[PDB]
Structure formats: C-alpha cells, structure tokens
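Peer 1: One structure is given below, represented as structure tokens, and several questions about it will come after.
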Amino acid sequence: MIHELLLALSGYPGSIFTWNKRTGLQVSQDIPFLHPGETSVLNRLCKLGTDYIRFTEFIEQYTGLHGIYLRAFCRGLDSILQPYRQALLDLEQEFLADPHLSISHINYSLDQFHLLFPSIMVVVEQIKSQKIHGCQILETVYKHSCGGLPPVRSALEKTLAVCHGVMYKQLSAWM
Amino acid sequence: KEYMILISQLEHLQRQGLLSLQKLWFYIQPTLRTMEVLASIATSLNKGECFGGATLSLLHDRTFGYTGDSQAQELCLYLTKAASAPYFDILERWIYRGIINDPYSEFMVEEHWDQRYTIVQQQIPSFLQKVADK
Amino acid sequence: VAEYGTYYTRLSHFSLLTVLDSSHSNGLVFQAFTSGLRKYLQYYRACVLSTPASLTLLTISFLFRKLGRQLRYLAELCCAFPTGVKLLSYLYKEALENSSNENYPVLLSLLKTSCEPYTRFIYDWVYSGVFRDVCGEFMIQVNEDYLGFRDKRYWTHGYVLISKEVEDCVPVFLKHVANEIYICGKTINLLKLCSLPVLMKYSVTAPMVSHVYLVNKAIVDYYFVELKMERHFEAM
Amino acid sequence: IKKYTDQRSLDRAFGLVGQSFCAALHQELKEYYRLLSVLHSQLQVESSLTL
C-alpha cells in the first residue's frame, strides 16, 4: 500500500487504480478481501491526484491560445504544489519509521489539501472558458484572492504575484 | 608531461576505488576539446611533411578552422609562437649582422654591374609576401 | 524520467557533431553555441552524482521538475534546424522572452558565449580594417582593395551582408549602427595604406555610438590636411 | 653515457679537448643520480607505490 499510494497520488495509472477518461483516476469498484467501506474514502484520495494531473496539463500545454502571461501563471502556481509535494516527502519517511502504516494518517495529511485543490481547478476552468490573455487575468485573480478560505486566498496570492511581475517587465521598460 | 602530474594526483586517490568511471571522466570533459585539436595538428604535420615557415602557415590554418572556442585556440596559438621562437633567433642574423648560420636553412635565403637578380622565398614566410621582399 | 534522460543524449549527440574539426563550411558562430552548451552538460553530471539518497522515485522526479521544463524548451529550440547568424537570432529572440524564470538565465548564458566570434569581426573592422572571417559559415568579406581608386579606398566592397543587407541579434540592435560601421570601416583604412534583456541592451548602445564617433574624429583631421578641400571649392 | 666516461681514461692521450669533452658528460652523469634520491625518499621514511 505505502509506496503504491504515493504513486497513485502523483496521478499516474496503476492496475488497481484504473484510469477511465470519463472520471480521471479512480479506484476500481469492489476489489475482494478489502471490505468495500475503505475504498469510498480511497476514492476521495484519488480525487486530489486526479485534479493534480488535470493541473500539469494546464502547465505543459503552455510550457515545453497563446500568451506570455499564460506561462507566468504557470510559475505562479508551481509554488502551491511546493507545500503539496513537500507533504508527499513528509509521508515517505513516516513509512520507514514504521511500515505497518494504516491509511488514516494519510487521509489526515490530505484534508488540508482538499479545500485547496478543487478551488484552484475552478479558477483555471473560468480562465479557459472565457479565453483570457494578458493583463485582464490579474483582475480575475485579484477578486479571486479577495476570496474566503485562508489557505486558498494565499494560494491565489502567489498566482497573482508572478504574472504581476510580468506586468512589471513592461512597466519597467515603458517608464 | 603536465597532464601526467594531475593524473598521479588522481592515482594518489586511486589507492582504493572511491572513483567511478564517470568521476575521472568529468575532470576530462574541459580537456576533451583540447586533446583533439592537438591531435589534428599532429597528424596534419605527419601527413604532408612541411618544413620551416610553411609549417607555421599550416598552424595558422589550424587557428582558422577551429575559430570559436577562443579559450582553446588560445593554447594552440601559444604553440605556433613557441615554434616561431627558433624562427626568431635565426632572423636577427641576416638583418643585424649579415652573416647567417641556419642549421639546414629554416629561414629563407639566397646570397648575392650586377651578379644575379636574387629571389628569396625558398622556405616561404608565414605572412604576406611583401615581408619576403623586405 | 527515461524520456527526461533521452533529451540529455540529444544534447550530447548535437554537440559532438557541430564541432569544426569535422567541418570547415559550417559557422564559427554555430561552434560558439556549443562552448556554452557543454557547461550545462557537466552541471548535469554533478547533479546526477547527487541524486542518492533516493527512498522513492518522487524525490528525484520532483528534483528534476524544475530542470524538466527547461530541458524541453532548451532541447527542442534546436528542432527547422537554425544554424549560423540565424541561430544567433533564434537565441536572442528567446532571451527577449521571460516568463519562465529558470529557462531565462540559461538562454542568457548561451547568448554571451555565442556572440564571441561575431563581435570579434566588428571591432577589428572599425579599428584596423581586417575582417578576419575567411572560414566557416557567416558572411565572408575581405573587400576588394584598390589603390587605383582613392575615393574612399574602394570601388567594390559589397555590403557586410551581400543579399539581405541586415545585421542583427547582438545587444544594441544594429539597425542604425550597422549602416555606420559600414561607412566608418571604409575610412578607418583610408587613413592607412595610402535584470532585463532590454536593460543590458541600453548599456551597450552608447559604447557603440562612441567608437564610430572616435573613428569619425580621426578621418576629419586627415581630410583637412591632405584634401585642402576648401581650396578646391574656392577654385570651383 | 656511463661507459663513455670510462673511455676517456688517460689525462693525456691525444688532445686535451678530448677528455674535457667527456668531463662534461661526467657532470651530466652526476645530475641523473641527484634525481634518484628525491623519488626514493617518498618510498619510506628516511605516494602510491607502483611503478
């Protein structure tokens, strides 16, 4: 389970964790010698690694429409994956400390992330449905860091900060 | 010889293996580009068998064909000028004493009413032909 | 991550084939891109030496998350195939862009090394008259020296780019200075033989303005004492 | 060079210039010995010991 759940969490397909394109990555239903009860919470644990590779695809499309602020929004959001990925490294040594680890601590470490990750997905989704470019992103992300939820307005403040720097490229050379 | 010193200091770490195949190879990476330009000089001098000043002109084409990588033509530039160091000790003898002694002639000479036209270009200078006339 | 290691064997495949001890028709400038390119390759080699400890495949893939975005740009700019002065404009375009804040300094690093042969033929052409390009790709001129004409020392000398008429792609911009290193390169030897990528752009400009003015204040003196031009005007 | 210093024997044979010629080759015989002490002193107390 222990290394095997870190790599379903990265979003990459497993055999036990089937990818169906209709739903993203999800645990396959009713697998024998596991009570069905523990898989329902497990489906929710897959939902943070599903939206995370619905996230790298928003990166890689514009890295490696068009807009010089699109890839500036990519470097706004990568530091939000920075505490995320740091908690992926925080679970690894816990499993060397003891390798009889149950999934209830794993569920607990990820509840911080559960209200941070759909709120950034909905943000990029309104961006890609209005087909925005340039400086008129910064006002859409500003009234989004006007937002509630204290983790999430800070998250949306780092995404605000990087593409305000590309505004500063222009306004430093113009003035 | 100067390469062999650095290797014997690597051989002093090599008393037991703490160096992998990559580790010593990483020290040879800046030196890779160096060792192949000294190869191309050495084989070009072995093939045509030039002598005197036509060697030094051959070394200048080697400076032209490498062009770019200015740090590593700079070393072979010191090679063609160290080669011009015996070409300088023979040169002063024709112009400041007259009496010239060359080992087997390495600096062009033809010794002198009139007495012969004279022409001197036999070894060929490594610069333009107006210097041979002068 | 095997695919991440596949773009490292493209760089080393491209650098060993663009050396000019295997060619002498391809650009000097084309060689000059590799002298900077080989410094990122050894940088990789100490970082591959630093990947242990690996307790999982994530501590390493996340370590190269940052180098990954960059390697995909920095690998596939080569793929088209830009060569010569057209490659020197292809890195300068990419150096004008910044967006990505770690793909910006490596293309900045390449730009300083790759202009080294290019810039070399400039300062020698306006201080002595020797344009030392006679080998490899890029515009080769030596100019058709005439002593029979004395009218600027020349009567044939093409332009410095003999089909496009353009010079480009080095700090300043060379869309003014280029037409004037032309006119001063004829006359320097008439004396003789009978933060931002835009910020650094504005520090080169005034030096390139200074040397043409320094060369103009030598040929103006030469004119006054040797033409006696005012005397010809008076006589006309 | 070691046998050639043995050929000059007799101080006066035919030529004074003859034995001064290999008197020089006896000075340059000696310089090769002064080396061998310096590479020897590493060996023990008085590197990587391989040939």
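Each chain in the structure tokens gets a letter, A, B, ..., in the order shown, and its residues are numbered from 1; ligands are numbered from 1 in order too.
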Find the residues around region 41-47 of chain D up to 12 Å (only C-alpha atoms counted), leave out those fewer than 4 positions away in its own chain, and share them as an mmCIF file with N, CA and C atoms, in the first residue's frame.
Peer 2:
data_model
loop_
_atom_site.group_PDB
_atom_site.id
_atom_site.type_symbol
_atom_site.label_atom_id
_atom_site.label_comp_id
_atom_site.auth_asym_id
_atom_site.auth_seq_id
_atom_site.Cartn_x
_atom_site.Cartn_y
_atom_site.Cartn_z
ATOM 1 N N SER B 8 48.701 11.537 -11.596
ATOM 2 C CA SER B 8 49.398 10.936 -10.450
ATOM 3 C C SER B 8 48.805 11.496 -9.211
ATOM 4 N N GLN B 9 48.227 12.699 -9.194
ATOM 5 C CA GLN B 9 47.462 13.090 -8.014
ATOM 6 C C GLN B 9 46.105 12.364 -7.871
ATOM 7 N N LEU B 10 45.499 11.995 -9.024
ATOM 8 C CA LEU B 10 44.331 11.100 -9.147
ATOM 9 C C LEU B 10 44.633 9.631 -8.785
ATOM 10 N N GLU B 11 45.870 9.156 -9.063
ATOM 11 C CA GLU B 11 46.424 7.882 -8.730
ATOM 12 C C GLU B 11 46.676 7.817 -7.179
ATOM 13 N N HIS B 12 47.032 8.965 -6.556
ATOM 14 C CA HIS B 12 47.068 9.007 -5.116
ATOM 15 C C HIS B 12 45.727 8.867 -4.442
ATOM 16 N N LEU B 13 44.533 9.244 -5.084
ATOM 17 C CA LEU B 13 43.221 8.897 -4.624
ATOM 18 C C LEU B 13 42.759 7.517 -5.001
ATOM 19 N N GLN B 14 43.388 6.891 -5.942
ATOM 20 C CA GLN B 14 43.088 5.593 -6.552
ATOM 21 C C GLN B 14 43.694 4.366 -5.834
ATOM 22 N N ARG B 15 44.271 4.527 -4.637
ATOM 23 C CA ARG B 15 44.833 3.502 -3.810
ATOM 24 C C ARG B 15 43.901 2.449 -3.439
ATOM 25 N N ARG D 34 71.298 12.638 -8.757
ATOM 26 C CA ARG D 34 70.747 13.565 -7.726
ATOM 27 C C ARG D 34 69.214 13.566 -7.707
ATOM 28 N N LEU D 35 68.594 13.195 -8.853
ATOM 29 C CA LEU D 35 67.234 12.820 -9.045
ATOM 30 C C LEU D 35 66.746 11.631 -8.332
ATOM 31 N N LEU D 36 67.564 10.522 -8.348
ATOM 32 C CA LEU D 36 67.123 9.256 -7.872
ATOM 33 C C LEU D 36 66.925 9.207 -6.410
ATOM 34 N N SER D 37 67.474 10.169 -5.586
ATOM 35 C CA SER D 37 67.347 10.263 -4.196
ATOM 36 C C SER D 37 66.077 10.911 -3.809
ATOM 37 N N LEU D 51 54.787 1.204 -10.167
ATOM 38 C CA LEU D 51 55.914 1.550 -10.995
ATOM 39 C C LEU D 51 55.574 2.760 -11.811
#
Peer 1: With 8 Å as the cut-off and only C-alpha atoms counted, what is the closest atom pair between each nearby residue of chain C and chain B? Distances in Å to one decimal, ordered by chain and number, as JSON lines.
Peer 2:
{"residue": "C:20", "atom": "CA", "partner": "B:66", "partner_atom": "CA", "distance": 5.9}
{"residue": "C:21", "atom": "CA", "partner": "B:66", "partner_atom": "CA", "distance": 6.5}
{"residue": "C:24", "atom": "CA", "partner": "B:65", "partner_atom": "CA", "distance": 5.9}
{"residue": "C:28", "atom": "CA", "partner": "B:68", "partner_atom": "CA", "distance": 5.4}
{"residue": "C:29", "atom": "CA", "partner": "B:68", "partner_atom": "CA", "distance": 6.8}
{"residue": "C:31", "atom": "CA", "partner": "B:68", "partner_atom": "CA", "distance": 6.1}
{"residue": "C:32", "atom": "CA", "partner": "B:68", "partner_atom": "CA", "distance": 5.4}
{"residue": "C:35", "atom": "CA", "partner": "B:69", "partner_atom": "CA", "distance": 6.1}
{"residue": "C:42", "atom": "CA", "partner": "B:26", "partner_atom": "CA", "distance": 7.0}
{"residue": "C:45", "atom": "CA", "partner": "B:26", "partner_atom": "CA", "distance": 7.5}
{"residue": "C:116", "atom": "CA", "partner": "B:68", "partner_atom": "CA", "distance": 7.3}
{"residue": "C:117", "atom": "CA", "partner": "B:68", "partner_atom": "CA", "distance": 5.5}
{"residue": "C:134", "atom": "CA", "partner": "B:64", "partner_atom": "CA", "distance": 7.9}
{"residue": "C:135", "atom": "CA", "partner": "B:64", "partner_atom": "CA", "distance": 6.4}
{"residue": "C:136", "atom": "CA", "partner": "B:65", "partner_atom": "CA", "distance": 7.5}
Peer 1: For the atom pair CA of residue 114 (chain A) and CA of residue 1 (chain A), what is the interatomic distance in Å to one decimal place?
Peer 2: 21.1 Å
Peer 1: Determine, counting only C-alpha atoms, which protein, DNA and RNA residues have an atom within 8 Å of an atom of residue 153 (chain C); residues of the same chain fewer than 2 positions away are not included. Present the result as a ChimeraX atom specification.
Peer 2: /C:145-147,149-151,155,186-187,189-190
Peer 1: Please check the contacts: residues of chain C at most 9 Å away from chain A, using only C-alpha atoms, listed as a ChimeraX atom specification.
Peer 2: /C:55-59,62,68-74,76,97-101,196,198-199
Peer 1: Store the residues picked out above, limited to C-alpha atoms, as a compact mmCIF listing (two decimals), in the first residue's frame.
Peer 2:
# COMPACT_ATOMS: atom_id res chain seq x y z
CA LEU C 55 14.00 6.40 -0.97
CA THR C 56 11.39 6.81 -3.75
CA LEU C 57 11.26 7.77 -7.41
CA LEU C 58 9.47 11.07 -6.47
CA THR C 59 12.42 12.69 -4.59
CA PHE C 62 10.43 16.41 -8.33
CA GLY C 68 12.46 19.42 -16.90
CA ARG C 69 10.52 22.48 -18.05
CA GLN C 70 13.71 23.97 -19.09
CA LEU C 71 15.18 20.94 -20.90
CA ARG C 72 12.15 20.65 -23.16
CA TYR C 73 12.49 24.21 -24.34
CA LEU C 74 16.22 24.11 -24.35
CA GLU C 76 13.72 21.48 -28.86
CA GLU C 97 11.27 36.45 -23.61
CA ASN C 98 10.96 35.66 -19.97
CA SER C 99 8.01 34.08 -18.40
CA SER C 100 9.78 31.05 -17.19
CA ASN C 101 12.36 32.34 -14.67
CA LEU C 196 16.02 42.76 -18.10
CA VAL C 198 16.36 45.30 -22.55
CA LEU C 199 18.32 46.82 -19.70
Peer 1: Which residue is closest to residue 55 (chain B)? Choose from B:5, B:96, B:126, B:112 and count only C-alpha atoms.
Peer 2: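 Closest residue, counting only C-alpha atoms: B:126.
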Peer 1: Counting only C-alpha atoms, which residues from chain D have an atom at most 10 Å from any atom of chain B, and could you show them as a PyMOL selection string?
Peer 2: chain D and resi 47-50
Peer 1: Neighbours of residue 11 (chain C) within 9 Å (only C-alpha atoms; same-chain residues fewer than 3 positions away dropped), as a list in words?
Peer 2: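 Selected residues are residues 7, 8, 14, 15, 16, 37, 38, 41 and 75 of chain C.
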Peer 1: Please provide as an NGL selection string all residues within 10 Å of residue 95 (chain C), with the sequence filter that same-chain residues fewer than 6 positions apart are discarded (counting only C-alpha atoms).
Peer 2: :C and (89 or 103-111 or 196-198)
Peer 1: With C-alpha atoms retained, could you export that selection as a PDB file, in the first residue's frame?
Peer 2:
ATOM      1  CA  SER C  89      18.908  35.491 -33.814  1.00  0.00           C
ATOM      2  CA  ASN C 103      14.711  28.922 -18.683  1.00  0.00           C
ATOM      3  CA  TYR C 104      15.599  32.656 -18.859  1.00  0.00           C
ATOM      4  CA  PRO C 105      19.220  32.510 -17.430  1.00  0.00           C
ATOM      5  CA  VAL C 106      20.476  29.514 -19.446  1.00  0.00           C
ATOM      6  CA  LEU C 107      19.459  31.244 -22.691  1.00  0.00           C
ATOM      7  CA  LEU C 108      21.087  34.370 -21.282  1.00  0.00           C
ATOM      8  CA  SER C 109      24.250  32.207 -20.646  1.00  0.00           C
ATOM      9  CA  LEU C 110      24.327  30.995 -24.253  1.00  0.00           C
ATOM     10  CA  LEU C 111      23.999  34.445 -25.674  1.00  0.00           C
ATOM     11  CA  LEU C 196      16.020  42.762 -18.100  1.00  0.00           C
ATOM     12  CA  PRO C 197      17.345  41.681 -21.567  1.00  0.00           C
ATOM     13  CA  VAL C 198      16.362  45.299 -22.547  1.00  0.00           C
TER      14      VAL C 198
END
Peer 1: Report the residues of region 1-164 of chain C whose backbone DSSP state falls under helix (DSSP H, G or I), written as a ChimeraX atom specification.
Peer 2: /C:2-6,8-17,29-48,58-61,65-76,84-95,104-114,116-123
Peer 1: Report, in Å to a single decimal, how far apart CA of residue 28 (chain A) and CA of residue 16 (chain A) are.
Peer 2: 6.6 Å
Peer 1: Could you pull out all residues of region 21-51 of chain A with a DSSP call of strand (DSSP E) and give them as JSON, numbers by chain?
Peer 2: {"A": [24, 25, 26, 27]}
Peer 1: Could you please take those selected residues and save N, CA and C atoms as an mmCIF file, in the first residue's frame?
Peer 2:
data_model
loop_
_atom_site.group_PDB
_atom_site.id
_atom_site.type_symbol
_atom_site.label_atom_id
_atom_site.label_comp_id
_atom_site.auth_asym_id
_atom_site.auth_seq_id
_atom_site.Cartn_x
_atom_site.Cartn_y
_atom_site.Cartn_z
ATOM 1 N N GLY A 24 -11.255 10.331 -14.667
ATOM 2 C CA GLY A 24 -9.907 10.626 -14.187
ATOM 3 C C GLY A 24 -9.519 9.267 -13.532
ATOM 4 N N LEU A 25 -8.503 9.305 -12.631
ATOM 5 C CA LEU A 25 -8.061 8.140 -11.932
ATOM 6 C C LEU A 25 -9.001 7.814 -10.819
ATOM 7 N N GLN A 26 -9.519 6.550 -10.667
ATOM 8 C CA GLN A 26 -10.327 6.167 -9.567
ATOM 9 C C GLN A 26 -10.024 4.799 -9.242
ATOM 10 N N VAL A 27 -10.281 4.472 -7.922
ATOM 11 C CA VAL A 27 -10.066 3.109 -7.522
ATOM 12 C C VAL A 27 -11.192 2.322 -8.133
#
Peer 1: Which residues are near residue 150 (chain A)? Cut-off 10 Å, only C-alpha atoms, ignore same chain within fewer than 5 positions. Put them as a PDB file with N, CA and C atoms, in the first residue's frame.
Peer 2:
ATOM      1  N   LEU A 116      -8.025  23.135  -0.921  1.00  0.00           N
ATOM      2  CA  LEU A 116      -7.092  23.980  -1.695  1.00  0.00           C
ATOM      3  C   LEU A 116      -7.124  23.583  -3.158  1.00  0.00           C
ATOM      4  N   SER A 145      -8.312  36.305  -5.144  1.00  0.00           N
ATOM      5  CA  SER A 145      -7.647  36.394  -3.808  1.00  0.00           C
ATOM      6  C   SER A 145      -8.390  37.327  -2.878  1.00  0.00           C
ATOM      7  N   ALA A 155      -2.976  31.160  -1.758  1.00  0.00           N
ATOM      8  CA  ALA A 155      -2.672  30.342  -2.930  1.00  0.00           C
ATOM      9  C   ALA A 155      -2.883  31.101  -4.198  1.00  0.00           C
TER      10      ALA A 155
END
Peer 1: Neighbouring residues of region 16-31 of chain D were defined as those with any atom within 9 Å, considering only C-alpha atoms; residues of the same chain fewer than 5 positions away were excluded. Please report them as a list in words.
Peer 2: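 Skipping anything fewer than 5 positions along the chain leaves residues 1, 2, 4, 5, 7, 8, 9, 10 and 11 of chain D.
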Peer 1: Convert the current residue selection to file output with N, CA, C and O atoms, as an mmCIF file, in the first residue's frame.
Peer 2:
data_model
loop_
_atom_site.group_PDB
_atom_site.id
_atom_site.type_symbol
_atom_site.label_atom_id
_atom_site.label_comp_id
_atom_site.auth_asym_id
_atom_site.auth_seq_id
_atom_site.Cartn_x
_atom_site.Cartn_y
_atom_site.Cartn_z
ATOM 1 N N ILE D 1 76.141 6.675 -21.565
ATOM 2 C CA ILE D 1 76.876 7.782 -21.004
ATOM 3 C C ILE D 1 77.767 7.321 -19.840
ATOM 4 O O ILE D 1 78.871 7.843 -19.593
ATOM 5 N N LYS D 2 77.342 6.236 -19.163
ATOM 6 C CA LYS D 2 78.159 5.655 -18.094
ATOM 7 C C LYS D 2 79.435 4.992 -18.594
ATOM 8 O O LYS D 2 80.506 5.195 -18.023
ATOM 9 N N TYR D 4 80.867 5.830 -21.468
ATOM 10 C CA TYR D 4 81.655 6.776 -22.305
ATOM 11 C C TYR D 4 82.696 7.564 -21.464
ATOM 12 O O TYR D 4 83.683 8.036 -22.088
ATOM 13 N N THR D 5 82.397 7.734 -20.120
ATOM 14 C CA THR D 5 83.274 8.381 -19.157
ATOM 15 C C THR D 5 84.421 7.382 -18.887
ATOM 16 O O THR D 5 85.406 7.817 -18.261
ATOM 17 N N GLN D 7 85.868 5.441 -21.280
ATOM 18 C CA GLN D 7 86.718 5.567 -22.450
ATOM 19 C C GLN D 7 87.681 6.709 -22.423
ATOM 20 O O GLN D 7 88.682 6.658 -23.142
ATOM 21 N N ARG D 8 87.449 7.810 -21.621
ATOM 22 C CA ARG D 8 88.393 8.970 -21.701
ATOM 23 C C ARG D 8 89.725 8.720 -20.943
ATOM 24 O O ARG D 8 90.668 9.516 -21.088
ATOM 25 N N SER D 9 89.843 7.618 -20.160
ATOM 26 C CA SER D 9 90.978 7.231 -19.333
ATOM 27 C C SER D 9 92.360 7.433 -19.968
ATOM 28 O O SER D 9 92.633 7.005 -21.084
ATOM 29 N N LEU D 10 93.207 8.107 -19.198
ATOM 30 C CA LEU D 10 94.481 8.750 -19.548
ATOM 31 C C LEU D 10 94.132 10.227 -19.679
ATOM 32 O O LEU D 10 93.252 10.504 -20.476
ATOM 33 N N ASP D 11 94.842 11.064 -18.940
ATOM 34 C CA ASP D 11 94.666 12.507 -18.854
ATOM 35 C C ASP D 11 95.253 13.121 -20.083
ATOM 36 O O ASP D 11 94.958 14.258 -20.438
#
Peer 1: So the first atom is CA of residue 212 (chain C) and the second is CA of residue 181 (chain C); what is the distance between them in Å, to one decimal place?
Peer 2: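 Computed distance, CA of residue 212 (chain C) to CA of residue 181 (chain C), equals 6.9 Å.
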